[PDB]
Amino acid sequence: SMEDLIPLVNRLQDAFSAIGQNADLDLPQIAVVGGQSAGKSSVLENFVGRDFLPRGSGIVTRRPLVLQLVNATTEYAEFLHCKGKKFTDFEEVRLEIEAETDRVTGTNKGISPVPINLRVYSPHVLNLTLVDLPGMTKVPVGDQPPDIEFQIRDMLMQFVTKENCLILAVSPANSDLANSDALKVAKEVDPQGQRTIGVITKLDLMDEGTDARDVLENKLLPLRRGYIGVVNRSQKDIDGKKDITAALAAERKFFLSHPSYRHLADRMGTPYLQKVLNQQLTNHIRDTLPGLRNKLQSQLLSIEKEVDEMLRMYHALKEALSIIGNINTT
Amino acid sequence: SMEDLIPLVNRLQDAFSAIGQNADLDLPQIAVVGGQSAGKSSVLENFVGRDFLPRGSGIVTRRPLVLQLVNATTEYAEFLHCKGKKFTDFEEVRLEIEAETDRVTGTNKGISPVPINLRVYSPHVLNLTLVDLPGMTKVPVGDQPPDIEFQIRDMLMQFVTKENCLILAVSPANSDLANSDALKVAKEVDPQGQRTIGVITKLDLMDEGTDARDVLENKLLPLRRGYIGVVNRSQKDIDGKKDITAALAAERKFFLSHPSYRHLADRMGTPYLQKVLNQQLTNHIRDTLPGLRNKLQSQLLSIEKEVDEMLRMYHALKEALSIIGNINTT
Amino acid sequence: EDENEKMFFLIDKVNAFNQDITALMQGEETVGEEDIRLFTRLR
């Protein structure tokens, strides 16, 4: 099912394109939440395979950013509000997000619940929707109110209550797992974990007296899709702009040497974590497939009897039906 | 006093930031009002010193534009509805603003109540709010409904009632001069004319046989500052993209013949209107400053005499007081 | 003088405590909203 998910989604969309109809699978969105310095942006963007999201200390992300990932040959990004500009420098992308926030909220640290829309094209993605959210905080800056923390909480609540929202509950290893701000919210809304995927980062820096052995075998506090362990960038790391390859390499290696995880090594890393998130997508995809097929048949009939001379439709429609079948068979 | 006020206002915001209080001066807004086709955009842009307001045939101001000016190093513009968009060409800026108005209403006599949101950054401006408003009318033209007057009128009235609103009172010649939309609004808010300058535009197009002679001689209802007339860009002028300097040249010709204005000729022109308005603005800023200063003094004292060991206050407060003092002395 | 300033705060407090003691000895003290004064409860 991991092999079947990537190509089949692109194949179905491509047929739709030729018909010139707005037909999408509507892959469920994933939102990352957690206290300040959890590593929230790092987790999401590493899946995408690029450094392009603003990352933390203090309040950084002051507006949600709704990113749609697009399968494409070349790796670059461009914003809806900047028609024609093609960014090839992802650091410039990051910076542009910040600037765009200033436009609406003013330049004294203001925040707005209105999303900035960015499309990042790469050939290593499904056409999904991911959401980077502002961190929880302790002290106001600029003209932010005294209750800034709670306002930011609200903002992410409007995305995480949305049916079929995979919540990446990100928790820093230098704080106890019970005191996790991320975990609190996740447990409030979806306690059993029907759409919660627990991600525990910073495995190499964890305070003595904690471990993930029970957690990853789905034993301590069971989640439906389980838990995937990661060794992500620390706050020191993010400040220094530690790049993707470096973080990923030490992370994978970690699980092979640790006595408590080596026999479960094959269900650890980037490869497994990737598998999990994609896995949720797969279930929704298939169920939605009857609906589209029907729409296409109906459209043809009308115009023909009133002869519009738009006979091009006729041929387009036939094509779509074949593609649909193949996905259903897997 | 305008010249010394400008820099001190920016400095005051910085001190406030350090205290971690949401304290702003709330600079009063200025709104330009007038009949349909009045030259309203011309007047406003002349004050600002830039071509950025859309002008056209027939109906010109077709949507309100709420522009907030922001002190910043770089010169550029950004729309609320166009998140992230980068120009860098101010001629292009003008074009883009114009385009957005066409988007909803077309160029076939228009109207829409939905504001266009624009932030223009510059390092030589006040953090001000200026408003271009739809022209009020008395009789329908083009495809406008019979009740056009009542829809437009309401819209602009929400801005001009705001305390300390410098009214650029433009009065159309294609409506009766005693029935002046400009003079009505201007008189309502500031009857004595400390900041109201009665301006009659388009004087060369007035219907044969009408005039406001007593009022216009500053005798009927005497105003301290009187009345200053102007003759702004005509229909041919707007069509051609006639530039700013040019428009002023047409003014001269009319004024020498009109019986009601020749004796007051030396107190005429656009340039003279400019001088007066600036002076009023400064007054508001200063008035709010004493109140804050006092609060700061009180807080410090307590801890000092009992020295609470909370010496951090001492330093913060001291800073704020210095900035306040300098503005108060002027 | 900052020495004088410092003297005011401490020196003022200590006396005020003692003055209330005098009220307590005489069945005059200030008492809580629906309490009874010491002198009456003894009776």
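About the criteria used
Residues numbered from 1 in each chain as written, not as in the entry; some residues may be left out. Chains lettered and ligands numbered in written order. Part of a larger assembly, values for the part shown. Heavy atoms only, no water. Helix = DSSP H or I, 4+ residues; strand = E, 2+ residues; numbered from the N terminus. Rg over C-alpha atoms; globule rule 2.2 N^0.38 Å. Areas by Shrake-Rupley, 256 points an atom, 1.4 Å probe, with all protein chains shown as cover. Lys, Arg positive; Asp, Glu negative; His and termini not counted. Charge placed at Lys NZ, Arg CZ, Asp CG, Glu CD. Contact = heavy atoms within 4.5 Å. Patch = residues over 30% accessible without salt bridge, like charges linked within 9 Å, V, L, I, M, F, W, Y side chains within 5 Å. Salt bridge = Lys/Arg side-chain N within 4 Å of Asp/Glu carboxyl O. Pairing = 2+ DSSP bridges. Axes fitted to C-alpha atoms, helices over the stretch in contact; angles between N-to-C directions. Buried < 20%, exposed > 50% of the residue type's maximum accessible area, 1.4 Å probe, protein only. Disulfide = S-S within 2.5 Å. Buried area = accessible area lost by both parts, 1.4 Å probe. Polar contact = N/O pair within 3.5 Å; in protein donor to acceptor, adjacent residues only side chain to side chain. Core = buried A, V, L, I, M, F, W, Y, C linked by side-chain atoms within 4.5 Å.

Judging from the entry metadata, cryo-EM is the method by which this structure was determined, and 12.20 Å is the reported resolution.

> Account for the overall build of chain A, naming residues and giving values.
Scanning chain A for helices and strands turns up 11 helices and 8 strands. Relative to the 2.2 N^0.38 estimate, which gives 20 Å for 330 residues, the radius of gyration of chain A is 22 Å and therefore close to what a compact globule would have. For chain A, the computed accessible surface area is about 16,500 Å², with 50% contributed by carbon and sulfur atoms. Distance between charge centroids for chain A: 2 Å, based on 39 positive and 43 negative side chains.

> Mind laying out the environment of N232 of chain B, listing which residues take part and the relevant values?
Take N232 of chain B: it is sitting in the loop between helix 6 (213–216) and helix 7 (235–239). Among all residues touching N232 of chain B, those that are not within four sequence positions of it are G39, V43, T201 and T270 of chain B.

> Could you give me a rundown of the arrangement of the chains, with the residues and numbers involved?
Of all 2 pairs of chains sharing an interface, the pair with the highest contact count is chains A and B. Contact between chain A and chain C is absent, and the minimum C-alpha spacing across the pair is 33 Å.

> Give a description of the environment of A265 of chain B that names residues and reports values.
With respect to the helices and strands, the residue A265 of chain B is situated in the loop between helix 8 (244–255) and helix 9 (270–287). Expressed as a C-alpha distance, the spacing of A265 of chain B and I228 of chain B, which sit 37 residues apart in the sequence, is 8.7 Å.

> Just give me the short version of a negative patch on the surface, but keep the residues and values in it.
Together, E304 of chain B together with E1, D2 and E5 of chain C line one region of the surface with negative charge. Mapped onto the secondary structure, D2 of chain C falls in helix 1 (residues 2–25).

> Break down the sheet that holds strand 5 (residues 129–132) of chain A for me, citing the residues and quoting the values.
All names here are of chain A. Spatially, 8 strands are ordered 3-4-2-5-1-6-7-8 in an open sheet, and the strand pairing comes out mixed. Strands with a single pairing partner mark the edges of an open sheet, and in this sheet they are strand 3 (76–79) and strand 8 (227–229). Direction aside, neighbouring strands of the sheet carry axes that sit 25 degrees apart on average. Sheet topology places strand 7 (residues 196–200) next to strand 8; 3 bridges connect them, and they run parallel. Within strand 8, the residue paired with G198 across the bridge is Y227. Packed onto the sheet, helix 2 (residues 40–48) meets strand 1 (30–33), strand 2 (65–71), strand 4 (116–122), strand 5 and strand 6 (166–171) and runs at close to 155 degrees relative to strand 5.

> Explain a nonpolar patch on the surface to me, using residue names and the numbers behind them.
Residues and elements named next belong to chain C. A cluster of nonpolar side chains, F17, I21, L24 and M25, forms an exposed patch at the surface whose accessible area comes to about 440 Å². Looking at the secondary structure, you find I21 in helix 1. Look at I21 and you get partly exposed, because its relative accessible area is 30%.

> Please provide a residue-by-residue account of the environment of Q279 of chain B, values included.
Within the secondary structure, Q279 of chain B is located in helix 9. It is 34 Å that separates the C-alpha atoms of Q279 of chain B and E100 of chain B, two residues lying 179 residues apart in sequence.

> Account for the state of the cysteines, naming residues and giving values.
Tallied over the full model, the rule gives 0 disulfides over all chains. Residue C82 of chain B stays outside any disulfide, its sulfur separated by 9.5 Å from that of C82 of chain A, the closest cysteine.

> Outline the interface of chain B and chain A, listing residues and values.
With 15 residues of chain B at the interface, the matching set in chain A holds 20 residues. Roughly 1,300 Å² is buried in total at the junction of chain B and chain A, and carbon and sulfur atoms are behind 45% of that figure. Together, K83, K86 and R119 of chain B form the three largest contributors to the area buried by chain B at its contact with chain A, with a combined 44%. Across the chain B-chain A interface, the total number found is 1 salt bridge. Close ionic contact of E96 of chain A with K86 of chain B constitutes a salt bridge, the shortest N to O distance being 1.4 Å. Inspection of the chain B/chain A interface yields 12 residue pairs in polar contact. Listed by contribution, the elements that provide at least two residues to the side of chain B that touches chain A are strand 3 (76–79) and strand 4 (116–122) of chain B. Among the elements that take part in the side of chain B that touches chain A, strand 4 of chain B stands out by supplying 3 residues, more than any other.

> Could you give an account of helix 5 (residues 181–189) of chain B, with specific residues and numbers?
All of the buried residues in helix 5 of chain B are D181, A182, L183, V185 and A186 of chain B. Regarding helix 5 of chain B, its N-cap is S180 of chain B, as a side-chain oxygen of that residue lies 3.4 Å from the backbone nitrogen of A182 of chain B further along.

> How would you explain the nonpolar core if you had to name every residue and give the values?
Core analysis: the biggest nonpolar cluster contains 57 residues, and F52, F79, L118, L128 and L168 of chain A have the highest contact counts within it. Not counting chain neighbours up to four residues away, the residues in contact with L128 of chain A comprise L27, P28, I30, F47, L67, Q68, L69 and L281 of chain A. Membership of the second largest hydrophobic core comes to 52 residues, among which are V32, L67, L118 and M313 of chain B.

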